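Below sits a lone chain in structure tokens, taken as the form deposited in one PDB entry.
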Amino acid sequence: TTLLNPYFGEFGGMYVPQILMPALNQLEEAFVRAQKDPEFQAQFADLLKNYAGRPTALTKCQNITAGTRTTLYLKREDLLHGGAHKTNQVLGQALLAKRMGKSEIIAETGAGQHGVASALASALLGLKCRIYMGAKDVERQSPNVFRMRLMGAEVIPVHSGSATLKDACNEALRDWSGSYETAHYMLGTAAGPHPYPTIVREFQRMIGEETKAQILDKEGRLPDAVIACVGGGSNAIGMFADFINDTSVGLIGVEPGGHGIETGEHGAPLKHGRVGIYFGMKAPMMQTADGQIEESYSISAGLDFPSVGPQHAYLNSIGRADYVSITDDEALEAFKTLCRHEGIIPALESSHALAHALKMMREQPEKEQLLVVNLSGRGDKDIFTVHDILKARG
């Protein structure tokens, strides 16, 4: 049995080899304990405030909405230490690892952002961090790899298979199965086997909590909708969580549409995938007709996850949250628009969320609406990607 429900409706679960169940059970118990421990909450709050920079600003973007009846605010996770929301939960998980008496952290990464976040948290808290990364990725993300090593993390290139992250996702789990007594597996999103979807949500919940307090202070009411991009689902569930019980507040998740849903080259498993069982959970995923896990695609490496957190699939199923998709071109236009009109360079991941908000505004300019977009990260890292594409188009 478990202390908490591993499922969100039909989605979720703990689909891992038997050998890993003790690790998950230990983690769940430690988490439940931590959540009721005033001392743990205080330490976490202290790191978030004095090290990471919380609370993050809620910026009103007046230039972008000129001429319309849309009022747009951006929750500034791009101002968090590290440049992305990932920092919030890695700090929490690092504290959980220490609570369990562990001094080692195991992680894996694709775009490299989670690897960097894991490395910075481990350096701060004195944890020995080892990060598995696909050989192909280690080649395409040289900058992030150097950041990880600069911060003392051991970056382990794994050549097995199509050396994508799935080869390191497994490499990490294999390691963890035989070292979980002294090492904690720092999963990077609100997905995977229970208790991870729950832990990641709770350790990202402050995004929504702050947004609520800030919007009430600034507008005297809740948003008509909060919008967030969805790769694995952590920044979105972090923004959504505190608003779930506020039925008047729309929850909009934006999956990457890549070159277009009809092309098959996208990363929108929640709305265009098929429910399957992988990565320790039952959730919608990109898969072939006979069950092989398909490859996802997006201009933004950060949204290139082939599945999605179970709680999002559940919220969608009951109609509490709505999910849509935004193409590479729509994300790129949003990226350029925010740069020119607000002086903020958004992560291409976050640009997908902004792009949908821009669509909501532009499609119905006379519709009065108060919207909050979760600006999950900054886009300095995407400058070269955007540059190359623009030049290629003269």
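Throughout, we count residues from 1 along the sequence that is shown.
One more form of this protein exists, namely the form deposited with a small molecule bound; it is left out here, but the text below deals with it.
A.B. asks: If the cut-off is 4.5 angstroms on heavy atoms, which of these, 122, 311, 189, 296, is the one near the small molecule in the deposited bound form?
C.D. replies: Of the candidates 122, 311, 189, 296, 189 is the one lying within 4.5 Å of the small molecule in the deposited bound form.
A.B. asks: Report whether the minimum heavy atom distance between residue 100 and the small molecule in the deposited bound form is within 4.5 Å.
C.D. replies: Flag for residue 100 set to no.
A.B. asks: With heavy atoms only and a cut-off of 4.5 Å, decide whether residue 169 touches the small molecule in the deposited bound form.
C.D. replies: Within the cut-off, so yes.
A.B. asks: Report whether the minimum heavy atom distance between residue 257 and the small molecule in the deposited bound form is within 4.5 Å.
C.D. replies: Answer no; every heavy atom of residue 257 is more than 4.5 Å from the small molecule in the deposited bound form.
A.B. asks: Is the gap between residue 184 and the small molecule in the deposited bound form 4.5 Å or less for some heavy atom pair?
C.D. replies: Residue 184: no, not in contact with the small molecule in the deposited bound form.
A.B. asks: Just one stretch in 224 to 232, 317 to 325, 282 to 290, 267 to 275 has heavy atoms within 4.5 Å of the small molecule in the deposited bound form, so which one is it?
C.D. replies: Only one stretch passes the 4.5 Å heavy-atom test: 224 to 232.
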